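*Asks:* This one is target.txt, compact mmCIF, C-alpha atoms and all ligand atoms.
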```txt
# COMPACT_ATOMS: atom_id res chain seq x y z
CA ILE H 1 -12.00 128.73 -43.64
CA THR H 2 -14.70 127.79 -46.15
CA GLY H 3 -18.18 128.37 -44.79
CA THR H 4 -21.20 130.63 -44.85
CA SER H 5 -21.25 134.21 -43.60
CA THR H 6 -23.11 134.64 -40.34
CA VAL H 7 -23.76 137.36 -37.75
CA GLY H 8 -22.88 136.76 -34.12
CA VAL H 9 -23.50 138.94 -31.11
CA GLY H 10 -21.35 139.60 -28.08
CA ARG H 11 -19.93 142.03 -25.57
CA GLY H 12 -16.68 143.97 -25.88
CA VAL H 13 -14.05 144.86 -23.26
CA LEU H 14 -16.06 147.82 -21.94
CA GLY H 15 -19.27 145.81 -21.63
CA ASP H 16 -20.98 147.09 -24.76
CA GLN H 17 -23.05 144.78 -27.00
CA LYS H 18 -22.25 144.60 -30.70
CA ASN H 19 -22.87 142.41 -33.73
CA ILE H 20 -19.89 140.72 -35.36
CA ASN H 21 -19.42 139.11 -38.75
CA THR H 22 -18.60 135.44 -38.40
CA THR H 23 -18.30 132.31 -40.58
CA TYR H 24 -20.12 129.04 -39.90
CA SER H 25 -18.58 125.65 -40.63
CA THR H 26 -19.25 123.28 -37.70
CA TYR H 27 -18.14 126.12 -35.41
CA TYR H 28 -18.70 129.85 -35.71
CA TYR H 29 -15.37 131.50 -36.46
CA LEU H 30 -14.27 135.12 -36.08
CA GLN H 31 -13.92 135.47 -39.83
CA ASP H 32 -15.64 138.45 -41.42
CA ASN H 33 -16.14 137.82 -45.15
CA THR H 34 -17.89 141.14 -45.76
CA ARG H 35 -14.70 143.18 -46.01
CA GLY H 36 -12.04 142.59 -48.63
CA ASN H 37 -10.46 139.16 -48.42
CA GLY H 38 -11.56 138.82 -44.83
CA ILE H 39 -10.86 139.89 -41.28
CA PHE H 40 -9.63 137.01 -39.10
CA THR H 41 -9.27 137.03 -35.31
CA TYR H 42 -7.19 134.44 -33.44
CA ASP H 43 -6.72 133.22 -29.86
CA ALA H 44 -3.09 133.31 -28.67
CA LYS H 45 -4.16 131.57 -25.41
CA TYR H 46 -1.81 133.56 -23.13
CA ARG H 47 1.18 132.34 -25.12
CA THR H 48 3.47 134.06 -27.61
CA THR H 49 3.28 131.73 -30.57
CA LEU H 50 1.48 133.51 -33.42
CA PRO H 51 -1.11 133.72 -34.75
CA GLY H 52 -2.52 130.96 -32.55
CA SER H 53 -5.89 129.41 -33.44
CA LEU H 54 -8.63 131.00 -35.54
CA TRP H 55 -11.25 131.94 -32.96
CA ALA H 56 -13.91 129.21 -32.79
CA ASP H 57 -17.19 129.43 -30.89
CA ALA H 58 -19.96 126.85 -30.57
CA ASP H 59 -23.05 129.10 -30.59
CA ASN H 60 -22.20 132.44 -32.27
CA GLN H 61 -22.71 134.26 -28.95
CA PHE H 62 -19.68 136.02 -27.51
CA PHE H 63 -20.62 137.19 -24.01
CA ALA H 64 -17.94 135.42 -21.96
CA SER H 65 -15.26 137.54 -20.31
CA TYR H 66 -12.64 135.60 -22.31
CA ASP H 67 -14.46 136.55 -25.54
CA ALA H 68 -14.41 140.32 -24.99
CA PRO H 69 -10.95 141.19 -26.37
CA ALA H 70 -11.67 139.09 -29.46
CA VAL H 71 -15.03 140.77 -30.08
CA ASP H 72 -13.40 144.21 -30.01
CA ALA H 73 -10.30 143.35 -32.06
CA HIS H 74 -12.57 141.86 -34.72
CA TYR H 75 -15.17 144.64 -34.68
CA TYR H 76 -12.73 147.57 -34.54
CA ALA H 77 -10.67 146.07 -37.36
CA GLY H 78 -13.90 146.24 -39.39
CA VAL H 79 -14.43 149.90 -38.50
CA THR H 80 -10.84 150.70 -39.44
CA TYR H 81 -11.20 148.86 -42.75
CA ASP H 82 -14.37 150.90 -43.42
CA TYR H 83 -12.59 154.16 -42.63
CA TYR H 84 -9.75 153.51 -45.06
CA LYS H 85 -12.08 152.28 -47.82
CA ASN H 86 -14.84 154.87 -47.46
CA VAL H 87 -12.70 157.91 -46.66
CA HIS H 88 -9.47 157.26 -48.59
CA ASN H 89 -10.52 154.68 -51.21
CA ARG H 90 -7.90 152.32 -49.81
CA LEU H 91 -8.66 148.60 -49.79
CA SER H 92 -7.08 147.10 -46.64
CA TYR H 93 -3.54 147.86 -45.52
CA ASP H 94 -1.84 146.88 -48.78
CA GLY H 95 -4.37 148.60 -51.06
CA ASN H 96 -5.32 145.21 -52.55
CA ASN H 97 -7.63 143.81 -49.88
CA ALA H 98 -5.03 141.76 -47.94
CA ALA H 99 -6.60 139.59 -45.25
CA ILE H 100 -6.46 141.36 -41.89
CA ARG H 101 -5.32 139.13 -39.03
CA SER H 102 -5.30 139.84 -35.28
CA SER H 103 -4.40 137.77 -32.24
CA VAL H 104 -5.71 138.50 -28.73
CA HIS H 105 -4.77 137.10 -25.30
CA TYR H 106 -1.12 137.47 -26.27
CA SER H 107 1.24 136.50 -23.44
CA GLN H 108 0.41 137.18 -19.75
CA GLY H 109 -0.18 140.62 -18.24
CA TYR H 110 1.07 142.11 -21.50
CA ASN H 111 0.89 145.92 -21.46
CA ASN H 112 1.18 146.55 -25.18
CA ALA H 113 -0.11 145.87 -28.68
CA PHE H 114 1.82 145.76 -31.96
CA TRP H 115 1.99 144.99 -35.66
CA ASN H 116 4.54 142.16 -36.04
CA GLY H 117 5.15 142.67 -39.76
CA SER H 118 2.24 140.40 -40.73
CA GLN H 119 -0.59 140.80 -38.19
CA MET H 120 -1.91 142.74 -35.21
CA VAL H 121 -1.22 141.46 -31.70
CA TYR H 122 -2.96 142.51 -28.47
CA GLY H 123 -2.00 141.94 -24.87
CA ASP H 124 -4.61 141.69 -22.11
CA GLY H 125 -2.74 144.19 -19.94
CA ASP H 126 -1.99 143.51 -16.27
CA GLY H 127 -5.23 145.09 -15.09
CA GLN H 128 -3.33 148.04 -13.62
CA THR H 129 -1.60 149.83 -16.49
CA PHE H 130 -3.96 148.42 -19.16
CA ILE H 131 -7.08 146.33 -19.58
CA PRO H 132 -7.21 144.31 -22.84
CA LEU H 133 -5.89 146.72 -25.41
CA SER H 134 -8.26 145.90 -28.28
CA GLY H 135 -10.93 147.64 -26.18
CA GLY H 136 -9.62 150.95 -27.58
CA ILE H 137 -10.77 151.79 -31.10
CA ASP H 138 -7.90 154.28 -31.37
CA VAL H 139 -5.50 151.49 -30.35
CA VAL H 140 -6.82 149.05 -32.97
CA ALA H 141 -6.66 151.71 -35.68
CA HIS H 142 -3.17 152.73 -34.46
CA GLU H 143 -2.00 149.14 -34.99
CA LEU H 144 -3.60 148.63 -38.40
CA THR H 145 -2.15 151.99 -39.44
CA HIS H 146 1.35 150.62 -38.81
CA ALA H 147 0.58 148.09 -41.56
CA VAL H 148 -0.58 150.90 -43.87
CA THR H 149 2.62 152.84 -43.18
CA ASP H 150 4.79 149.77 -43.76
CA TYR H 151 3.17 149.17 -47.17
CA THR H 152 3.43 152.83 -48.20
CA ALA H 153 5.97 155.35 -46.82
CA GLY H 154 7.83 152.58 -44.99
CA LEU H 155 9.06 154.95 -42.28
CA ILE H 156 12.00 153.32 -40.46
CA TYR H 157 11.07 152.72 -36.81
CA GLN H 158 13.68 154.88 -35.12
CA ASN H 159 14.54 158.51 -34.50
CA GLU H 160 12.60 161.12 -36.52
CA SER H 161 11.19 158.79 -39.18
CA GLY H 162 10.06 156.49 -36.35
CA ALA H 163 8.39 159.35 -34.50
CA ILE H 164 6.54 160.24 -37.71
CA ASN H 165 5.57 156.56 -38.02
CA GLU H 166 4.15 156.71 -34.49
CA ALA H 167 2.35 160.01 -35.05
CA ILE H 168 0.74 158.71 -38.26
CA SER H 169 -0.65 155.80 -36.22
CA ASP H 170 -1.92 158.17 -33.49
CA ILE H 171 -3.41 160.56 -36.07
CA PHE H 172 -5.31 157.89 -37.97
CA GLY H 173 -6.15 156.09 -34.74
CA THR H 174 -7.85 159.30 -33.64
CA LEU H 175 -9.52 159.94 -37.00
CA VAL H 176 -10.97 156.41 -36.91
CA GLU H 177 -12.19 157.08 -33.36
CA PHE H 178 -13.96 160.20 -34.64
CA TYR H 179 -15.31 158.22 -37.62
CA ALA H 180 -17.00 155.74 -35.28
CA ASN H 181 -18.14 158.76 -33.23
CA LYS H 182 -18.36 157.21 -29.76
CA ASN H 183 -16.73 159.40 -27.10
CA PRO H 184 -14.15 160.71 -29.56
CA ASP H 185 -11.23 162.81 -28.39
CA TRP H 186 -7.64 163.73 -29.20
CA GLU H 187 -6.26 161.44 -26.48
CA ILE H 188 -4.68 158.04 -27.13
CA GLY H 189 -5.73 154.85 -25.40
CA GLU H 190 -7.98 156.42 -22.76
CA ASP H 191 -10.53 153.59 -22.96
CA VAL H 192 -8.07 150.88 -21.91
CA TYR H 193 -5.39 152.75 -19.94
CA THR H 194 -5.21 152.68 -16.12
CA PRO H 195 -8.69 151.45 -15.12
CA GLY H 196 -8.07 152.75 -11.59
CA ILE H 197 -7.47 156.32 -12.76
CA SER H 198 -10.18 158.37 -14.47
CA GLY H 199 -9.52 161.10 -17.00
CA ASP H 200 -6.02 160.14 -18.10
CA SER H 201 -4.57 158.52 -21.22
CA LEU H 202 -1.36 157.08 -22.64
CA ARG H 203 -0.69 160.14 -24.81
CA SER H 204 -2.42 163.39 -25.60
CA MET H 205 -2.34 164.93 -29.07
CA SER H 206 -3.94 168.19 -27.91
CA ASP H 207 -1.39 168.64 -25.12
CA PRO H 208 1.44 166.07 -25.33
CA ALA H 209 3.27 167.74 -22.45
CA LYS H 210 0.61 166.66 -19.96
CA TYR H 211 2.37 163.27 -19.99
CA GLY H 212 5.86 164.66 -20.47
CA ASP H 213 5.99 164.30 -24.24
CA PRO H 214 7.46 167.20 -26.24
CA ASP H 215 5.19 169.69 -28.00
CA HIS H 216 8.01 171.61 -29.67
CA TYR H 217 11.07 170.54 -31.67
CA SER H 218 13.36 172.28 -29.15
CA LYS H 219 12.18 169.73 -26.55
CA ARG H 220 12.85 166.64 -28.65
CA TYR H 221 14.45 163.56 -27.10
CA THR H 222 17.75 162.53 -28.68
CA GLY H 223 18.77 159.59 -26.50
CA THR H 224 18.54 155.90 -27.37
CA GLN H 225 15.56 154.70 -25.30
CA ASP H 226 12.39 153.70 -27.17
CA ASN H 227 14.16 153.46 -30.53
CA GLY H 228 15.32 157.04 -30.14
CA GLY H 229 12.04 158.18 -28.59
CA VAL H 230 9.50 157.17 -31.23
CA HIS H 231 6.61 157.23 -28.70
CA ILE H 232 7.93 160.47 -27.17
CA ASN H 233 8.88 162.66 -30.14
CA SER H 234 5.60 161.69 -31.79
CA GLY H 235 4.14 164.40 -29.54
CA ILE H 236 5.71 167.10 -31.73
CA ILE H 237 3.93 165.82 -34.84
CA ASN H 238 0.73 164.92 -32.96
CA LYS H 239 0.58 168.51 -31.72
CA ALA H 240 1.06 169.85 -35.25
CA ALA H 241 -1.75 167.61 -36.55
CA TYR H 242 -4.05 168.66 -33.72
CA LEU H 243 -3.36 172.32 -34.50
CA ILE H 244 -4.00 171.86 -38.24
CA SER H 245 -7.39 170.34 -37.46
CA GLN H 246 -8.54 172.28 -34.40
CA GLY H 247 -6.48 175.48 -34.46
CA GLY H 248 -4.96 177.26 -31.48
CA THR H 249 -2.14 179.52 -30.37
CA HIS H 250 0.93 177.58 -29.28
CA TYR H 251 4.10 179.30 -28.04
CA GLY H 252 2.61 182.50 -29.44
CA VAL H 253 2.02 181.12 -32.95
CA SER H 254 -1.63 181.16 -34.05
CA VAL H 255 -2.99 178.39 -36.28
CA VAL H 256 -6.31 178.54 -38.12
CA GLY H 257 -7.99 175.12 -37.85
CA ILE H 258 -9.25 173.45 -41.02
CA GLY H 259 -11.00 170.42 -39.53
CA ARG H 260 -10.43 166.67 -39.19
CA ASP H 261 -11.43 165.65 -42.69
CA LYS H 262 -8.89 167.94 -44.33
CA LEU H 263 -6.20 166.91 -41.82
CA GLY H 264 -6.87 163.30 -42.84
CA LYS H 265 -6.73 164.06 -46.56
CA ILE H 266 -3.49 166.00 -46.23
CA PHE H 267 -1.75 163.40 -44.08
CA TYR H 268 -3.04 160.42 -46.09
CA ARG H 269 -1.66 162.01 -49.25
CA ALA H 270 1.66 162.81 -47.55
CA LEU H 271 1.92 159.23 -46.27
CA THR H 272 1.15 157.61 -49.61
CA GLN H 273 2.68 160.01 -52.16
CA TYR H 274 5.54 161.89 -50.51
CA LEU H 275 7.04 160.33 -47.38
CA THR H 276 9.88 157.82 -47.69
CA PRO H 277 11.48 155.40 -45.23
CA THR H 278 14.01 158.03 -44.11
CA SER H 279 11.80 161.13 -43.93
CA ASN H 280 12.61 163.49 -41.05
CA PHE H 281 10.34 166.13 -39.48
CA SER H 282 11.41 168.88 -41.91
CA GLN H 283 10.66 166.54 -44.81
CA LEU H 284 7.25 165.76 -43.31
CA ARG H 285 6.51 169.49 -43.23
CA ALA H 286 7.42 169.72 -46.91
CA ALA H 287 5.31 166.66 -47.73
CA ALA H 288 2.29 168.06 -45.88
CA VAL H 289 2.67 171.47 -47.55
CA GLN H 290 2.88 169.83 -50.96
CA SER H 291 -0.09 167.56 -50.22
CA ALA H 292 -2.23 170.51 -49.14
CA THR H 293 -1.09 172.38 -52.26
CA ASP H 294 -2.16 169.46 -54.47
CA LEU H 295 -5.56 169.21 -52.80
CA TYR H 296 -6.47 172.84 -52.11
CA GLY H 297 -4.12 175.12 -54.04
CA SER H 298 -1.00 177.11 -53.16
CA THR H 299 -2.93 180.19 -51.99
CA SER H 300 -5.37 178.20 -49.87
CA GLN H 301 -6.09 178.51 -46.16
CA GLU H 302 -5.25 174.81 -45.86
CA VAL H 303 -1.66 175.37 -47.03
CA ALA H 304 -1.28 178.44 -44.79
CA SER H 305 -2.53 176.44 -41.79
CA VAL H 306 -0.13 173.56 -42.40
CA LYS H 307 2.76 176.06 -42.38
CA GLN H 308 1.44 177.78 -39.22
CA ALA H 309 1.15 174.47 -37.39
CA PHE H 310 4.67 173.31 -38.19
CA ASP H 311 5.96 176.80 -37.29
CA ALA H 312 4.17 176.49 -33.94
CA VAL H 313 6.00 173.25 -33.11
CA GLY H 314 9.36 174.58 -34.31
CA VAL H 315 9.69 172.45 -37.45
CA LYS H 316 11.01 174.30 -40.51
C1 LIG H 401 4.47 152.08 -23.88
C2 LIG H 401 3.69 151.29 -24.94
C3 LIG H 401 2.26 151.08 -24.47
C4 LIG H 401 3.82 151.97 -26.32
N1 LIG H 401 2.92 151.36 -27.29
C5 LIG H 401 2.10 152.11 -28.10
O1 LIG H 401 2.06 153.33 -28.10
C6 LIG H 401 1.18 151.29 -29.01
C7 LIG H 401 -0.07 150.90 -28.25
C8 LIG H 401 -0.91 152.07 -27.72
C9 LIG H 401 -1.64 152.75 -28.88
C10 LIG H 401 -1.92 151.58 -26.68
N2 LIG H 401 1.80 150.03 -29.49
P1 LIG H 401 2.90 150.07 -30.83
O2 LIG H 401 3.37 151.51 -31.01
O3 LIG H 401 2.32 149.39 -32.02
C11 LIG H 401 4.25 149.07 -30.11
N3 LIG H 401 5.31 149.01 -31.11
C12 LIG H 401 6.17 147.97 -31.20
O4 LIG H 401 6.08 146.96 -30.50
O5 LIG H 401 7.16 148.08 -32.12
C13 LIG H 401 8.33 147.23 -32.13
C14 LIG H 401 8.21 146.12 -33.14
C15 LIG H 401 7.44 144.97 -32.89
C16 LIG H 401 7.36 143.97 -33.86
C17 LIG H 401 8.03 144.09 -35.07
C18 LIG H 401 8.80 145.23 -35.32
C19 LIG H 401 8.89 146.23 -34.35
CA CA H 402 -20.30 131.31 -27.37
CA CA H 403 -12.40 158.36 -26.68
CA CA H 404 -8.88 158.42 -28.06
CA CA H 405 -7.34 155.53 -16.91
ZN ZN H 406 2.72 152.45 -32.63
```
Translate the structure described by the file into structure tokens.
Ligand SMILES: CC(C)CNC(=O)[C@H](CC(C)C)NP(=O)(O)CNC(=O)OCc1ccccc1
Ligand SMILES: [Ca+2]
Ligand SMILES: [Ca+2]
Ligand SMILES: [Ca+2]
Ligand SMILES: [Ca+2]
Ligand SMILES: [Zn+2]
*Replies:*
Amino acid sequence: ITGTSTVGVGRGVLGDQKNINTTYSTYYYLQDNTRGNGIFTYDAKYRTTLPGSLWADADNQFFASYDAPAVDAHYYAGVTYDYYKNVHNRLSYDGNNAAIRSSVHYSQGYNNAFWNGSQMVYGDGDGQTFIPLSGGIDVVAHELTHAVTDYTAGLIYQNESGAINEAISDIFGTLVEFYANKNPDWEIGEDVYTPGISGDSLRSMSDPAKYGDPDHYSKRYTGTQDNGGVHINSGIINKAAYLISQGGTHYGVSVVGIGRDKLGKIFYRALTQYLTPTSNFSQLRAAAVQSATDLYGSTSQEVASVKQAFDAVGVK
């Protein structure tokens, strides 16, 4: 909408106060004009018609319980935009400052979040498996990263390419979480998963097997559930990424860690310069090795560590 840029204040899903960029024209809208061609947050009103209505508020204060998922979707989209711009020189998901749109309060008791091809969509959860999913910065960045993938590598959402697609979203979700630097970890969705159970998460990158996800290619799922296991086999790539960054010895194979920033550079380059819609795990290894070679040189520690990590998870 046409209006003047304003700054509202509110509370997110976890009860934390934050400022949000809004737009004033009769109402205050969740429209952040400070980033690209805008970040827009919508109310789906417990229904499934999208996007719903651009979020309107009378007083620019967002402290109601109903407001909380909108505050966080809007704010964490901003953080994710900042990460891609500041760290990778990428302007929004398309590289040309496309408007970023999110809808919250999608459906009823909805235990998921997704990119629908055009926008991000967040359920409120059922209060048992999830609380509103935009409360997780890693979740928001995971979703926006699906848009980045779709505009770049275009990894088909099934089997090995789909598991890479998922892992890319978990990797950058985690790197954005570290970028914001509030309780960062290598777990996925811990802030919004199972409010009645402390210390767990939806997935773990550091130890995928803690939730039954494979951490070695020999343990990959090859059935048809979950688009051929895209949220399961992602553990194999998540583990490799974790090892590249943090190091470790895994099934007897030692990996020298090179840190998060270099992991991000290597995987961003692989995603945008080498991966294709049909890339499999072996092709991802090759893409990561080539990316590290481009950035750091063939004889570098970074290249050696990429090879070690993929060796450790059984991907040749
Ligand atoms: C068991 C589920 C919770 C799995 N979902 C996830 O792991 C994450 C959310 C977590 C990061 C919290 N959501 P996601 O991977 O974006 C869900 N994916 C998904 O719905 O894809 C299917 C799809 C939807 C719309 C258009 C094309 C294809
Ligand atoms: Ca208000
Ligand atoms: Ca965390
Ligand atoms: Ca996390
Ligand atoms: Ca929990
Ligand atoms: Zn995903």
*Asks:* Report the closest atom pair, with its distance in Å rounded to one decimal, for each residue of range 107-182 of chain H that has an atom no farther than 7 Å from range 233-254 of chain H; count only C-alpha atoms, sort by chain and then rising residue number, and write it as a Markdown table.
*Replies:*
```
| residue | atom | partner | partner_atom | distance |
| --- | --- | --- | --- | --- |
| H:163 | CA | H:234 | CA | 4.5 |
| H:164 | CA | H:234 | CA | 6.2 |
| H:166 | CA | H:234 | CA | 5.8 |
| H:167 | CA | H:234 | CA | 4.9 |
| H:171 | CA | H:238 | CA | 6.8 |
```
*Asks:* Using all atoms listed in the file, which residues have at least one atom no more than 10 Å from ligand CA 405 (chain H)? Output them as an mmCIF file with C-alpha atoms, in the frame of the given file.
*Replies:*
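Result went into result-v9.cif, see below:
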```cif
data_model
loop_
_atom_site.group_PDB
_atom_site.id
_atom_site.type_symbol
_atom_site.label_atom_id
_atom_site.label_comp_id
_atom_site.auth_asym_id
_atom_site.auth_seq_id
_atom_site.Cartn_x
_atom_site.Cartn_y
_atom_site.Cartn_z
ATOM 1 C CA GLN H 128 -3.330 148.040 -13.620
ATOM 2 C CA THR H 129 -1.600 149.830 -16.490
ATOM 3 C CA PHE H 130 -3.960 148.420 -19.160
ATOM 4 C CA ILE H 131 -7.080 146.330 -19.580
ATOM 5 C CA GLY H 189 -5.730 154.850 -25.400
ATOM 6 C CA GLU H 190 -7.980 156.420 -22.760
ATOM 7 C CA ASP H 191 -10.530 153.590 -22.960
ATOM 8 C CA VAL H 192 -8.070 150.880 -21.910
ATOM 9 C CA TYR H 193 -5.390 152.750 -19.940
ATOM 10 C CA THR H 194 -5.210 152.680 -16.120
ATOM 11 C CA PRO H 195 -8.690 151.450 -15.120
ATOM 12 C CA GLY H 196 -8.070 152.750 -11.590
ATOM 13 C CA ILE H 197 -7.470 156.320 -12.760
ATOM 14 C CA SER H 198 -10.180 158.370 -14.470
ATOM 15 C CA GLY H 199 -9.520 161.100 -17.000
ATOM 16 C CA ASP H 200 -6.020 160.140 -18.100
ATOM 17 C CA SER H 201 -4.570 158.520 -21.220
ATOM 18 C CA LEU H 202 -1.360 157.080 -22.640
#
```
*Asks:* Skipping near chain neighbours, those fewer than 2 positions away, what residues fall within 12 Å of residue 125 in chain H using all atoms listed in the file, listed as a CSV table (one decimal) with C-alpha atoms, keeping the file's coordinate frame?
*Replies:*
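Okay, this is what ended up in part_21.csv:
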```csv
chain,number,residue,atom,x,y,z
H,13,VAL,CA,-14.0,144.9,-23.3
H,46,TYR,CA,-1.8,133.6,-23.1
H,69,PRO,CA,-11.0,141.2,-26.4
H,104,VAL,CA,-5.7,138.5,-28.7
H,105,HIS,CA,-4.8,137.1,-25.3
H,106,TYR,CA,-1.1,137.5,-26.3
H,107,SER,CA,1.2,136.5,-23.4
H,108,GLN,CA,0.4,137.2,-19.8
H,109,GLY,CA,-0.2,140.6,-18.2
H,110,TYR,CA,1.1,142.1,-21.5
H,111,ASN,CA,0.9,145.9,-21.5
H,112,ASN,CA,1.2,146.6,-25.2
H,113,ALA,CA,-0.1,145.9,-28.7
H,122,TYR,CA,-3.0,142.5,-28.5
H,123,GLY,CA,-2.0,141.9,-24.9
H,127,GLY,CA,-5.2,145.1,-15.1
H,128,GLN,CA,-3.3,148.0,-13.6
H,129,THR,CA,-1.6,149.8,-16.5
H,130,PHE,CA,-4.0,148.4,-19.2
H,131,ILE,CA,-7.1,146.3,-19.6
H,132,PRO,CA,-7.2,144.3,-22.8
H,133,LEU,CA,-5.9,146.7,-25.4
H,134,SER,CA,-8.3,145.9,-28.3
H,135,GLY,CA,-10.9,147.6,-26.2
H,192,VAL,CA,-8.1,150.9,-21.9
H,193,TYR,CA,-5.4,152.8,-19.9
H,194,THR,CA,-5.2,152.7,-16.1
H,195,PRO,CA,-8.7,151.4,-15.1
```
*Asks:* Once you count only C-alpha atoms and all ligand atoms, what closest atom pair and distance in Å to one decimal does each residue of chain H within 10 Å of ligand CA 402 (chain H) have, with rows by chain and rising residue number, as CSV?
*Replies:*
```
residue,atom,partner,partner_atom,distance
H:8,CA,H:CA402,CA,9.1
H:9,CA,H:CA402,CA,9.1
H:10,CA,H:CA402,CA,8.4
H:27,CA,H:CA402,CA,9.8
H:28,CA,H:CA402,CA,8.6
H:56,CA,H:CA402,CA,8.6
H:57,CA,H:CA402,CA,5.1
H:58,CA,H:CA402,CA,5.5
H:59,CA,H:CA402,CA,4.8
H:60,CA,H:CA402,CA,5.4
H:61,CA,H:CA402,CA,4.1
H:62,CA,H:CA402,CA,4.8
H:63,CA,H:CA402,CA,6.8
H:64,CA,H:CA402,CA,7.2
H:67,CA,H:CA402,CA,8.1
```
*Asks:* Quick one: contact table of chain H to ligand CA 404 (chain H), 10 Å max, nearest atom pair and distance in Å to one decimal per residue, counting all atoms listed in the file, chain and number order, as a Markdown table?
*Replies:*
```
| residue | atom | partner | partner_atom | distance |
| --- | --- | --- | --- | --- |
| H:136 | CA | H:CA404 | CA | 7.5 |
| H:137 | CA | H:CA404 | CA | 7.5 |
| H:138 | CA | H:CA404 | CA | 5.4 |
| H:139 | CA | H:CA404 | CA | 8.0 |
| H:170 | CA | H:CA404 | CA | 8.8 |
| H:171 | CA | H:CA404 | CA | 9.9 |
| H:173 | CA | H:CA404 | CA | 7.6 |
| H:174 | CA | H:CA404 | CA | 5.7 |
| H:175 | CA | H:CA404 | CA | 9.1 |
| H:176 | CA | H:CA404 | CA | 9.3 |
| H:177 | CA | H:CA404 | CA | 6.4 |
| H:178 | CA | H:CA404 | CA | 8.5 |
| H:182 | CA | H:CA404 | CA | 9.7 |
| H:183 | CA | H:CA404 | CA | 8.0 |
| H:184 | CA | H:CA404 | CA | 5.9 |
| H:185 | CA | H:CA404 | CA | 5.0 |
| H:186 | CA | H:CA404 | CA | 5.6 |
| H:187 | CA | H:CA404 | CA | 4.3 |
| H:188 | CA | H:CA404 | CA | 4.3 |
| H:189 | CA | H:CA404 | CA | 5.5 |
| H:190 | CA | H:CA404 | CA | 5.7 |
| H:191 | CA | H:CA404 | CA | 7.2 |
| H:192 | CA | H:CA404 | CA | 9.8 |
| H:201 | CA | H:CA404 | CA | 8.1 |
| H:202 | CA | H:CA404 | CA | 9.4 |
| H:203 | CA | H:CA404 | CA | 9.0 |
| H:204 | CA | H:CA404 | CA | 8.5 |
| H:205 | CA | H:CA404 | CA | 9.3 |
```
*Asks:* Export C-alpha atoms of the chosen residues as a PDB file, in the coordinates of the input?
*Replies:*
```pdb
ATOM      1  CA  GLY H 136      -9.620 150.950 -27.580  1.00  0.00           C
ATOM      2  CA  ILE H 137     -10.770 151.790 -31.100  1.00  0.00           C
ATOM      3  CA  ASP H 138      -7.900 154.280 -31.370  1.00  0.00           C
ATOM      4  CA  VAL H 139      -5.500 151.490 -30.350  1.00  0.00           C
ATOM      5  CA  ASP H 170      -1.920 158.170 -33.490  1.00  0.00           C
ATOM      6  CA  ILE H 171      -3.410 160.560 -36.070  1.00  0.00           C
ATOM      7  CA  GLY H 173      -6.150 156.090 -34.740  1.00  0.00           C
ATOM      8  CA  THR H 174      -7.850 159.300 -33.640  1.00  0.00           C
ATOM      9  CA  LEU H 175      -9.520 159.940 -37.000  1.00  0.00           C
ATOM     10  CA  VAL H 176     -10.970 156.410 -36.910  1.00  0.00           C
ATOM     11  CA  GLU H 177     -12.190 157.080 -33.360  1.00  0.00           C
ATOM     12  CA  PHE H 178     -13.960 160.200 -34.640  1.00  0.00           C
ATOM     13  CA  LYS H 182     -18.360 157.210 -29.760  1.00  0.00           C
ATOM     14  CA  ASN H 183     -16.730 159.400 -27.100  1.00  0.00           C
ATOM     15  CA  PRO H 184     -14.150 160.710 -29.560  1.00  0.00           C
ATOM     16  CA  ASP H 185     -11.230 162.810 -28.390  1.00  0.00           C
ATOM     17  CA  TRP H 186      -7.640 163.730 -29.200  1.00  0.00           C
ATOM     18  CA  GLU H 187      -6.260 161.440 -26.480  1.00  0.00           C
ATOM     19  CA  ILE H 188      -4.680 158.040 -27.130  1.00  0.00           C
ATOM     20  CA  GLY H 189      -5.730 154.850 -25.400  1.00  0.00           C
ATOM     21  CA  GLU H 190      -7.980 156.420 -22.760  1.00  0.00           C
ATOM     22  CA  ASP H 191     -10.530 153.590 -22.960  1.00  0.00           C
ATOM     23  CA  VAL H 192      -8.070 150.880 -21.910  1.00  0.00           C
ATOM     24  CA  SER H 201      -4.570 158.520 -21.220  1.00  0.00           C
ATOM     25  CA  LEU H 202      -1.360 157.080 -22.640  1.00  0.00           C
ATOM     26  CA  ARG H 203      -0.690 160.140 -24.810  1.00  0.00           C
ATOM     27  CA  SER H 204      -2.420 163.390 -25.600  1.00  0.00           C
ATOM     28  CA  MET H 205      -2.340 164.930 -29.070  1.00  0.00           C
TER      29      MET H 205
END
```
*Asks:* Taking all atoms listed in the file into account, which residues have an atom no farther than 8 Å from ligand ZN 406 (chain H)? I'd like them as a list in words.
*Replies:*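 Using all atoms listed in the file, everything at most 8 Å from ligand ZN 406 (chain H) comes to residues 114, 142, 143, 146, 165, 166, 167, 169, 170 and 231 of chain H.
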*Asks:* So that I can check the surroundings of range 2-4 of chain H, please list as an NGL selection string every protein, DNA and RNA residue that reaches within 7 Å of it, counting only C-alpha atoms and ignoring chain neighbours fewer than 4 positions away.
*Replies:* :H and (23-25)
*Asks:* Sorted by chain and rising residue number, which residues of range 211-293 of chain H lie within 10 Å of range 83-101 of chain H, and what are their closest atom pairs and distances in Å to one decimal, counting all atoms listed in the file, as a tab-separated table?
*Replies:*
```
residue	atom	partner	partner_atom	distance
H:261	CA	H:87	CA	8.8
H:264	CA	H:88	CA	8.7
H:265	CA	H:88	CA	7.6
H:268	CA	H:88	CA	7.6
H:269	CA	H:88	CA	9.2
```
*Asks:* Figure out the distance between CA of residue 35 in chain H and CA of residue 81 in chain H, please, to one decimal in Å.
*Replies:*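 Distance between the two atoms: 7.4 Å.
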*Asks:* What separation in Å, quoted to one decimal, exists between atom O2 of ligand LIG 401 (chain H) and CA of residue 116 in chain H?
*Replies:* 10.7 Å
*Asks:* To one decimal place in Å, what is the distance between atom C4 of ligand LIG 401 (chain H) and CA of residue 70 in chain H?
*Replies:*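 Taking atom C4 of ligand LIG 401 (chain H) and CA of residue 70 in chain H, their separation equals 20.4 Å.
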